[PDB]
Asker: 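Let me begin by handing over the structure; questions about it come next.
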Amino acid sequence: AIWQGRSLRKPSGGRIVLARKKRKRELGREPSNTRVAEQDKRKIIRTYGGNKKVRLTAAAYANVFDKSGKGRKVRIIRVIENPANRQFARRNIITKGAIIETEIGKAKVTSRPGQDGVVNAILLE
Amino acid sequence: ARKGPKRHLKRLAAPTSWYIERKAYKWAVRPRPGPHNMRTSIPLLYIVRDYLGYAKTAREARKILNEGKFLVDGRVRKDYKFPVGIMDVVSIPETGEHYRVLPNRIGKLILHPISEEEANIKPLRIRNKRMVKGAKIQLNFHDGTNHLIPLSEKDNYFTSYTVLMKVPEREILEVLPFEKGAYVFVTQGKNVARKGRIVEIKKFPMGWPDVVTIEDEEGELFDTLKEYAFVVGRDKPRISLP
Amino acid sequence: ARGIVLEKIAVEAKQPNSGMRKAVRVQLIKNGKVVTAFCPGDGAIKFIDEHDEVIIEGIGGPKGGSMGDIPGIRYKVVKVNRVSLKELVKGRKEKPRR
Amino acid sequence: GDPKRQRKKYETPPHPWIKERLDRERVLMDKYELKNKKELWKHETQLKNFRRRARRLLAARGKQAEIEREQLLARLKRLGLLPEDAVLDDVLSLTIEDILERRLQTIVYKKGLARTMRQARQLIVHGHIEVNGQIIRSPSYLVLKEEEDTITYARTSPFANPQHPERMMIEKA
RNA sequence: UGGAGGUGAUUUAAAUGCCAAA
RNA sequence: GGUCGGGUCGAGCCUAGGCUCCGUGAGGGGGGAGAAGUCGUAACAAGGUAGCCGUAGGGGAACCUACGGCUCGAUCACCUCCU
RNA sequence: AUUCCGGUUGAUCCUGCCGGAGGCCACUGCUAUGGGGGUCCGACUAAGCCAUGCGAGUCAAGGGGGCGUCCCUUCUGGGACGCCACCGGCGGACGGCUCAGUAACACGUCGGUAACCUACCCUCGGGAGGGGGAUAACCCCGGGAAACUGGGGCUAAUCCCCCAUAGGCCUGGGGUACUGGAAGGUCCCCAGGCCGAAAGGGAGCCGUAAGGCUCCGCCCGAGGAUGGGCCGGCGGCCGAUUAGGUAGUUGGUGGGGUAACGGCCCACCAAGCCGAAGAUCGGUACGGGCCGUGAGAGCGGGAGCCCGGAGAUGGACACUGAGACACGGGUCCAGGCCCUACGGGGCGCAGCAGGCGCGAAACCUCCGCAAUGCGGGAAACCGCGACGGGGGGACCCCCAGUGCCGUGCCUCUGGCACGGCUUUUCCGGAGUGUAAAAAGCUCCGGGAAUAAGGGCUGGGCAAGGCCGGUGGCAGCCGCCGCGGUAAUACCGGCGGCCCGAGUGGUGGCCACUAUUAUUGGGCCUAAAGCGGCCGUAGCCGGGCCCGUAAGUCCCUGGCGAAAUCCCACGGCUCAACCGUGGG
Ligand SMILES: [Mg+2]
Ligand SMILES: [Mg+2]
Ligand SMILES: [Mg+2]
Ligand SMILES: [Mg+2]
Ligand SMILES: [Mg+2]
Ligand SMILES: [Mg+2]
Ligand SMILES: [Mg+2]
Ligand SMILES: [Mg+2]
Ligand SMILES: [Mg+2]
Ligand SMILES: [Mg+2]
Ligand SMILES: [Mg+2]
Ligand SMILES: [Mg+2]
Ligand SMILES: [Mg+2]
Ligand SMILES: [Mg+2]
Ligand SMILES: [Mg+2]
Ligand SMILES: [Mg+2]
Ligand SMILES: [Mg+2]
Ligand SMILES: [Mg+2]
Ligand SMILES: [Mg+2]
Ligand SMILES: [Mg+2]
Ligand SMILES: [Mg+2]
Ligand SMILES: [Mg+2]
Ligand SMILES: [Mg+2]
Ligand SMILES: [Mg+2]
Ligand SMILES: [Mg+2]
C-alpha cells in the first residue's frame with residue numbers, strides 16, 4: 001500500500017534496482033482528514049510493538065488557552081485558513097497550524113489531531 | 001535472524017571470556033537476560049558442571065539446581081541459564097564454601113575463594129542516578145539492580161562511587177568515593193586485573209570518555225578508562241583480591 | 001564430452017610426412033555441433049561403427065589446440081560404447097553388443 | 001573464503017631425474033633401509049624447517065625473538081641432536097645423517113638388539129620392543145635423549161628370555 | 001693511410017627448371 | 001457479512017510506435033590451407049629499365065607512367081670536403 | 001634452490017614466442033592388503049519436476065467431561081487410581097536448506113540515536129475492589145462422492161465483556177531537584193481534555209474448626225539486560241566503438257504518516273543536484289574472516305566451517321502476534337500437475353532419505369534421543385531427519401604390511417637349496433568397548449601362511465647400439481623430429497629406469513616470465529618518439545631567515561569475534577588431531 005522505505009533515485013539522478021521485498025515495518029497508513037462536524041468521532045489503531053494511537057476523524061469541540069494559562073472547552077465554528085494545503089479551508093480540514101474560529105474568537109491549532117485525538121489551540125489577540 | 005530473535009548459540013561463537021572447549025560439541029548454552037551483560041558473565045550450568053565438577057552431565061546438574069543447593073548473592077537460583085558476573089558471590093552452604101567471581105589477568109572469569117564473613121557483602125558501582133516520582137533518588141548499579149534514597153542525601157552519592165551492600169537484605173553500610181588516592185581494580189581492557197591508586201583524571205570535549213592514571217604497588221604508572229576502574233577501598237582494599 | 005558418430009574419414013599428414021590418419025565426425029549431444037576426432041592406436045578404426053556413441057577429450061597440443069602433423073583436429077576418442085578404446089586396441093576386452 | 005585443508009608434511013624434488021641427487025639418495029636408502037623415497041623426504045623437510053627457523057632468528061631482535069631462540073635450542077638438544085653447550089650458529093651445520101641416526105630402527109640396531117637393520121624393523125613392527133615401559137610400533141619414531149637407555153625387549157615378548165634360539169643368534173654377533 | 005659527399009655518363013635481343021633426392 | 005455510491009493504489013491483458021536478440025536465407029565478397037590445371041617473369045647481382053614512400057591515371061595478372069622525396073643503390077671519370 | 005634446458009643458420013651472436021621440468025583443484029583409464037583423524041561427497045548444466053515415509057511440540061499443579069479398576073457405605077452416592085479427546089496457555093518468526101536476485105549504506109571498520117520498538121529474564125516501588133456473558137466437550141437430528149459443513153438443547157475456567165481506582169498521552173502557565181560535553185529529556189505546582197489494569201487463581205501441610213506457612217502464579221511504574229530498526233565518515237570490479245544525466249529531480253516553508261528522523265508522501269516558493277579525479281548506461285558477480293601459488297614485491301579464487309545478506313514455482317497483497325507480509329499458515333493473476341459420482345476439490349522437497357530429467361560430473365527410502373542444545377512443564381520428564389551412531393565412495397592428511405636370520409651354489413645386485421624364527425596383517429574364540437551393535441584395544445589356538453601395480457626406455461631427462469615382424473604402408477610425435485627392406489625412435493619378446501597402494505590422460509590457476517617491469521623491461525638499424533610547434537588541468541620545481549604543526553617520526557589509552565597460521569609444553573602408542581600459554 002503506502003511504503004516509506006527508501007527513494008528509488010540516487011542523488012546524482014541514477015535509478016536503483018530494488019533488491020528485496022517490502023518489509024511490514026516500513027508501511028504507512030491512510031491520512032485522517034479531521035473534519036468539522038456536530039459530533040466527535042475517533043478510533044483506536046493498534047501499532048508496532050502492540051501499542052496504540054487515538055485517531056480523530058471528526059471534531060466538534062476544542063481546548064483554547066490564553067497567555068495567563070487558563071483553558072476553556074468551546075465548540076468549533078469553521079476553519080478560516082490552512083497554510084498546509086491550498087484547498088483544506090474550503091473542505092474544513094483541521095491540521096496542526098490551522099486557524100479556526102470559535103465562539104470566543106480566532107485560535108491557532110497546536111496539536112496533531114491524527115496522532116493525539118484532541119484539538120488544542122492558542123487564542124489569537 | 002530474518003524474522004525474529006535468536007534462540008541458539010554455536011560453540012565457535014561463544015564469548016571469549018569463558019573457559020570452554022570450542023570444538024568438543026556443536027552447541028552452547030545461550031544465556032538468559034539478567035543482571036550483567038554478555039561480556040562479563042557466564043551461565044550457571046558451566047559453573048556447576050565444568051568449573052567445580054560436581055556434575056558430569058547436564059541432566060544431573062539440573063537435578064542439583066532444582067533442589068536449591070546453590071546461592072548467588074544469598075538467593076536461591078534454579079535456572080541453569082542464569083548469568084553470573086563480576087563481583088558476585090557464589091555460596092554452597094551444604095559444603096560450606098564461598099567464591100567471588102573475578103576476571104583473570106588475560107580477561108577470563110575465575111572463582112576466587114573467600115572467607116564466610118566476607119561473603120555477606122557485595123560492592124556495587126554507581127552507574128547512573130536519576131530523579132523519580134515523589135521526588136526521590138534512584139541509583140542504578142553496574143549489575144542492573146536499583147536502590148532508592150531520600151532527597152536529603154542527594155549529595156552523598158555520585159556516579160563512579162562504590163557502595164558496599166549487605167546481601168540478601170540489600171542494606172547499605174559504606175560509601176567509597178572516587179577521588180585521588182582511592183584504591184581501584186581494573187575490570188576490562190589491556191590492563192585488566194591490575195590494581196592500585198588513582199593519581200590523575202583527564203577529560204575531553206564532545207563526549208569522548210575520560211581517562212584515569214593509576215600507580216601500582218611497584219610504583220609504575222598506567223592509564224585506563226574511568227569506567228573500567230572499580231573502587232574497592234580508601235587506601236587499602238576492603239575485600240580479598242588475588 | 002559425449003557424442004554420436006556420423007561417418008569415418010581420413011586426413012593426410014602435412015609435409016614432409018606421409019600417411020593417412022583415421023578420424024571420425026562426431027555430433028555432440030549437449031548442443032548438436034559437429035566436430036572431428038582422431039582415433040589413436042594401430043588399427044583402432046576397426047572398432048568404430050557408425051551410430052556408436054563415443055567420449056572425446058582434448059588432443060593435447062600447444063595452447064590447448066592441435067598437435068603434430070595433423071592440424072585441424074583438436075580432439076581424440078577415449079571410450080566407445082562405454083568401453084575404453086585402449087583396452088580394445090590391446091585386447092583384454094571385447095566390444096559390447098557385437 | 002575457503003575452510004582449512006590439511007597439507008602434506010614433506011616436499012618433493014624440483015626435478016625428478018638428476019643423476020647426482022639420485023645417486024646420493026640411493027646410497028642413503030640402501031644404508032638406512034627405508035621403504036620408499038617419501039619417507040626419506042619427510043626427514044629432509046624436518047631438517048630444512050630447523051634451518052629456516054635459525055636463519056629467521058639470527059636477523060631478529062626484540063622480546064619474543066629471545067624466547068623463541070632459547071626454545072629452539074632447548075628443543076634441539078632435548079632430541080639429542082646438539083651438545084649441552086651449543087649455540088645458535090651450530091644449528092646451521094646439521095646434516096641429514098644426524099636426523100636419521102635418531103630413528104627408532106637405527107637406535108635398536110646400534111644398541112645391539114638386532115643383527116641387521118631389517119631385523120630391527122621387523123622387531124619393531126611385530127611389537128617386541130618397549131620404550132620406557134610402552135610398546136611402540138612405528139620404526140620412524142624419533143627417540144628423545146632422556147629415554148634412550150630405557151629401550152629393551154618387551155617383558156611379554158618371546159625374546160625376553162636368554163634361552164630363546166633367535167636371541168642367542170643375535171647375541172653371537 | 002683511411003673515409004664522407006656532388007655532377008656526368010654506362011652500344012640490340014637473352015624466358016623457364018624439369019626429371020631425381022624419396 | 002451482502003448490495004449501491006465516491007476516492008485512491010494496483011499485478012495482469014489489448015492496440016500502436018520505437019530500439020534490440022535468436023533461426024533460416026536467393027545473391028555477392030574478400031581471407032586461410034592444399035597441390036599443381038594454366039598464363040607470364042614483378043623482386044633478390046647494375047636481377048638485365050636501381051629499388052622503395054606519398055598522390056593520381058592506365059592495364060589479363062604480377063605491374064607501367066607522371067610530380068615531389070629517401071639510400072635501406074652497382075661501375076667508371078672528374079671535382080669538393082676531411083683524418 | 002632468489003635455477004634453467006630444447007627449437008630460426010652450412011656455422012655464430014641477438015630479439016622474441018612456443019614446448020619441457022614444480023604445486024593445487026574438477027572429470028577420467030588401468031590397478032588396489034590395514035588402521036586412525038578431519039570443517040569431504042547433485043555447487044558448475046536444470047532456483048528444473050517430484051510417488052511414498054518422516055523433519056514442532058508440550059502442560060492433568062488452568063477447566064468441565066467420557067471410560068475403566070478398586071475402598072466406604074452403597075437404592076442413590078462419595079472417594080482414590082489410571083487412560084482419552086475437547087476448551088485454555090506457551091511455542092511453532094529459532095533451528096535446517098540453497099546462492100536466483102543485488103554494483104547497493106549489501107558487506108568490513110570506526111562512531112551516533114538527545115530521533116526508536118522489545119514477549120520470555122533481573123532489581124526496586126505499589127496494586128489485586130464490584131458485576132455480567134457465551135460456547136467447545138456432551139445429548140437429539142443431519143447434509144455431501146469426497147474435501148468439508150448445518151440446526152436445536154446443556155455447562156466451566158488463569159476464556160470474554162463492563163463499572164471504579166491506579167495509570168498513560170496531548171497542549172498552555174510557572175519553579176529550578178537530576179544526568180550529561182551539551183536538554184524538545186527526567187522531577188515539583190496549577191489548568192483544559194482524551195485513552196484507561198489486574199487471575200488472590202492453583203497445589204501441599206498444620207488446622208476439629210477458625211486461619212496460618214510454604215511452592216507456582218496475575219496487573220501498573222522506573223531502570224537494566226537480550227534481540228533488533230535507522231543514520232554518518234572511510235575501504236574494496238571491468239568498458240569511451242557508452243559524454244552529457246536528472247524534473248519529486250536538489251533545497252526551502254507549512255503539514256501528513258511512522259515505533260522513530262527523513263522528498264518517506266502532499267500543498268506552495270525557488271533553480272538547483274551529479275560529471276573526463278569518469279556521471280549516466282551496459283557487462284559480470286552474494287560480502288568478509290580466509291584459501292591456492294610464489295624468495296619476496298605480487299598474481300588468481302572466494303561452494304563445504306563461522307559471522308552478515310537475500311529466497312521459498314514467477315508477479316502482486318493481507319490476517320494474528322512482542323516479533324512475519326510467515327519454506328511443512330491465508331488471497332488473486334500466470335503456468336504446470338492430481339482426484340472426481342462431473343456438481344466440485346486439492347498440490348509445488350532450494351528439509352532428511354529416495355525417484356525422473358540434464359549432463360563429463362555426486363551415496364542408505366538405516367538405528368537413537370544415551371551425549372551437546374532448543375521449546376514446553378513446579379518437577380520427574382516428553383519431542384526433535386538439529387545433533388549424535390553406523391552403511392556406500394581411490395575426498396584430504398597421518399602411521400604400517402606384502403616376511404626375518406644362519407650356512408652353501410649361481411650370472412653373486414638377486415635367485416635357488418637346506419635349518420631355524422615371528423604373527424603387524426589373515427582365520428576361529430574370551431574380556432572390554434557401545435543407548436544397543438559394529439569398529440578399536442588386552443589375551444588364547446593355527447600358520448609364511450592371505451597380499452604389486454602403473455608409466456617410460458633417440459635428445460630435453462634416469463634407463464638397450466639386443467632379438468623377431470612392417471617397409472613413406474601401418475603407426476609414433478607436448479616441442480625438436482622417426483618410418484622409402486640392415487628402424488637403439490612404430491608393433492611384440494627379453495632386459496633396464498622412475499615412483500610405489502598407487503600410477504597415467506584431459507581441462508583450469510600460480511610459477512617458469514624482468515613475456516606487465518613500484519622493487520625491475522624496452523623504443524638508430526629487430527615491435528615501438530605524435531610531421532612540427534604553442535599552451536589549460538595534472539605531475540615535477542633554485543638559495544637564506546622567522547612562525548605553524550596538516551603530511552612524517554616517537555610514547556601511550558580504546559578497538560579490529562572465534563575458527564584458520566608459527567613456537568614450546570601437555571593428552572590419545574608417537575603422529576595427523578585436541579587442550580593450556582606466548583606471538
Ligand atoms: Mg562464499
Ligand atoms: Mg625482372
Ligand atoms: Mg627491375
Ligand atoms: Mg601508360
Ligand atoms: Mg635467420
Ligand atoms: Mg538442482
Ligand atoms: Mg524462518
Ligand atoms: Mg547469481
Ligand atoms: Mg475501563
Ligand atoms: Mg566477489
Ligand atoms: Mg554444498
Ligand atoms: Mg539421494
Ligand atoms: Mg566426483
Ligand atoms: Mg621396445
Ligand atoms: Mg641419460
Ligand atoms: Mg611459457
Ligand atoms: Mg623484452
Ligand atoms: Mg618525430
Ligand atoms: Mg616518425
Ligand atoms: Mg627548494
Ligand atoms: Mg602531524
Ligand atoms: Mg581471531
Ligand atoms: Mg601418551
Ligand atoms: Mg606430542
Ligand atoms: Mg586447538
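Chain A is the first sequence line, chain B the second, and so forth, proteins listed ahead of strands; every chain is numbered from 1.
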Asker: Whole-Å distance between G:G256 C1' and A:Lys53 NZ?
Answerer: 11 Å
Asker: Would G:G495 and G:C524 count as paired if we go with Watson-Crick or G-U wobble and both distances under 3.5 Å?
Answerer: no
Asker: Which nucleotide, G:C24, G:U506, G:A322, lies nearest any side-chain atom of C:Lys76?
Answerer: G:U506
Asker: Of B:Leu225 and A:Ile94, whose closest RNA chain G nucleotide lies nearer the 5' terminus?
Answerer: A:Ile94
Asker: Any strand is fair game: report the nucleotide pairing with G:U331 by Watson-Crick or G-U wobble, both distances under 3.5 Å, or none.
Answerer: G:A316
Asker: Can G:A561 be described as syn, meaning its chi torsion is within 90° of 0, or is it anti?
Answerer: anti
Asker: Taking for each residue the nucleotide of RNA chain G with the nearest heavy atom, is it B:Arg75 or C:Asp69 whose nucleotide lies nearer the 5' end?
Answerer: B:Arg75
Asker: Checking understanding here: a glycosidic angle within 90° of 0 is syn, the rest anti, so what is G:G263?
Answerer: syn
Asker: Roughly how many Å is it from CZ in B:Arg2 to P in G:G309, rounded to a whole number?
Answerer: 8 Å
Asker: Evaluate the stacking of G:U15 against G:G16, requiring that the six-membered ring centres lie under 5.5 Å apart and that the ring planes differ by under 30 degrees.
Answerer: yes
Asker: What is the distance from NE2 of D:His128 to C1' of G:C405, rounded to the nearest Å?
Answerer: 13 Å
Asker: If the glycosidic angle sits within 90 degrees of zero it is syn, else anti. Tell me which applies to G:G19.
Answerer: anti
Asker: How close or far is atom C1' of G:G571 from atom NZ of B:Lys23, stated in whole angstroms?
Answerer: 16 Å
Asker: Would you measure the distance from the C1' atom in G:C107 across to the matching atom in G:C59 and give it in whole Å?
Answerer: 45 Å
Asker: Using whole Å, report how far CD of C:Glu57 lies from P of G:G504.
Answerer: 16 Å
Asker: Could you walk me through whether D:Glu11 and D:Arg52 pass the salt bridge (charged side-chain N to carboxylate O under 4.0 Å, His left out) test, one step at a time?
Answerer: CA-CA 14 Å; D:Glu11 299 171 2; D:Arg52 289 167 188 163; 3.6 Å; yes
Asker: Taking 3.5 Å as the limit for both distances, would G:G328 and G:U525 pass as Watson-Crick or G-U wobble partners?
Answerer: no
Asker: Rounding to an integer number of Å, can you tell me how far B:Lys26 NZ sits from G:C374 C1'?
Answerer: 15 Å
Asker: Report the nucleotide, chosen from G:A380, G:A400, G:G256, that has the shortest atom-to-atom distance to any side-chain atom of A:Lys96.
Answerer: G:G256
Asker: Report the distance from atom NZ of D:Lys172 to atom P of G:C421, rounded to the nearest whole Å.
Answerer: 16 Å
Asker: Using the P atom as the reference point in each nucleotide, state the distance between G:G167 and G:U155 in Å, no decimals.
Answerer: 42 Å
Asker: What is the glycosidic conformation of G:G508: syn, defined as within 90° of 0, or anti?
Answerer: anti
Asker: Below 4.0 angstrom, N of the basic side chain to O of the carboxylate: do B:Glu60 and B:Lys56 qualify?
Answerer: no
Asker: Taking only the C1' atom of each, what is the distance from G:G460 to G:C5 in whole angstrom?
Answerer: 6 Å
Asker: Looking at the side chain of C:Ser18, which of G:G505, G:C178, G:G483 is the nearest nucleotide?
Answerer: G:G483
Asker: Check the chi torsion on G:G343 and let me know: syn if it falls within 90° of 0, anti if not.
Answerer: syn
Asker: Examine F:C70 and F:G51 and say if both key distances are under 3.5 Å for a Watson-Crick or a G-U wobble pair.
Answerer: yes
Asker: Give the nucleotide from the list G:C306, G:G257, G:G455 with an atom nearest to the side chain of B:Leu12.
Answerer: G:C306
Asker: Let's see if you can work this out: which of G:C105, G:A222, G:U102 has an atom nearest to the side-chain heavy atoms of A:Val17?
Answerer: G:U102
Asker: Could you tell me whether G:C476 and G:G481 make a Watson-Crick or G-U wobble pair, using a cut-off of under 3.5 Å for both distances?
Answerer: yes
Asker: Can you tell me if B:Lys81 has over 12 outside heavy atoms packed within less than 6.0 Å of its NZ?
Answerer: yes
Asker: How about CZ on A:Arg23, more than 12 heavy atoms from neighbouring residues, nucleotides or ligands closer than 6.0 Å, or not?
Answerer: yes
Asker: Provide, to the nearest angstrom, the distance between the OH atom belonging to B:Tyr25 and the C1' atom belonging to G:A370.
Answerer: 12 Å
Asker: Does the sign of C1'-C2'-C3'-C4' make the G:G29 sugar north or south?
Answerer: north
